[PDB]
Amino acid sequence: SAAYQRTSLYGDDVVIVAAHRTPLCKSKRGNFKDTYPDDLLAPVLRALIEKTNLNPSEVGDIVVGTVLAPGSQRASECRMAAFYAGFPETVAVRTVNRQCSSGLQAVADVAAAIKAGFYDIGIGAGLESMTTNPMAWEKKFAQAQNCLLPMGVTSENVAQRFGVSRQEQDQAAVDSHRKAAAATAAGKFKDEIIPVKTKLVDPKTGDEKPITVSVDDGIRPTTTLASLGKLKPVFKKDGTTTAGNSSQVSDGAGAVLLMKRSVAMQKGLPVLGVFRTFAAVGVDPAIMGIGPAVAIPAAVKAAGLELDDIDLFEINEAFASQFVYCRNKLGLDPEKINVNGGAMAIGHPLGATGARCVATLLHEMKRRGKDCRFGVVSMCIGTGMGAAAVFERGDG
């Protein structure tokens, strides 16, 4: 049960024509340590346009989920991004009004706006970068664990309160890396990922190496049950959460190009996905961090569907405790979730999570064929909320 719900029903009207992401790199010294935020979001926004041959002025709204950026810095980094991607003055750029969020509502509110007829083309996107461009348009560490410290004590509570332990939590982490490695090795991310040609300063000598990033650098294929249960608990004393069974903050961007179905047809644009429904729920405050498990059946029901109808699931793996609960509580087939790895392996790009997961889902749906008809993207909007989105495989 939910204290309240927001339900958006999109019908068959709202289609996705492009969904892309940068690779994700670990924020601490990872491969984006010398790339500024707009240099992450800009190629993703540019990729949507290029894939669709669209005049950037036709885009009605860009909404970006972003957590790390303090105060006004949020919008100015996104405006930079949109400017360098070739969007004019007139294309409005908005951030999501949340202290802490994974940015799935950015896609949902773009879709809602199209549904209500406010404009015909929109972009829902997300960005996180620990770096700061000295060149401003016209603290970040604090904001990060500000979202993660409350998130970590709740999922550890849910673990003690529901009986989730190191065991399943670690197993989930092993699986995540196994699946992320297998995906990477098999080239399954090639389609969704937009390579980022940046620079990397070498700590030993300080020279700038030209670099193209193509791979998520947080995947650790040598992870097993063995080495994980060697790191000490990260929060509590006898806490089951580790640096191994929780995701660390990653730099990256994602973006989703949404439009009304009739405008995609006349533009000769293949439909990647159909945005069916979105539910956002307020959960029981005495059991926080269980958001996804209330939001999933709420969104699936609004799609006029059953849990078993859903072929794929993208559920955020910020914490294995949290992730295992939701899977087990809903009795989901673990073969259908994060089939190509999750946050624990490829990184947790906070506000870029929502757009990241949409790209991963839809492209895997694209690859799996017509029988992979229904997908779910689910995550929190802070500890006290759950958000889930239902997507149908688009027809190409």
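Don't overthink the numbering: it's just position in the shown sequence, from 1.
Missing deposited residues between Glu138 and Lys139: 4 to 9, all without coordinates in the entry. When 312 to 320 is weighed against 150 to 158, 150 to 158 comes out higher, by mean CA B-factor as recorded in the entry. If you average the C-alpha B-factors over 70 to 78 and over 281 to 289, the higher value belongs to 70 to 78. The PDB entry assigns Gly384 a C-alpha temperature factor belonging to the highest third of its chain's modelled residues. Annotation for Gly331: C-alpha temperature factor in the highest third relative to the rest of the modelled chain, per the entry. In the deposited entry, the Cα temperature factor of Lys204 places it in the middle third of its chain's modelled residues. In this PDB entry, the Cα temperature factor of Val196 sits in the middle third of its chain's modelled residues.
Ranked against the other modelled residues of its chain, the C-alpha B-factor of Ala295 as given in the entry falls in the middle third.
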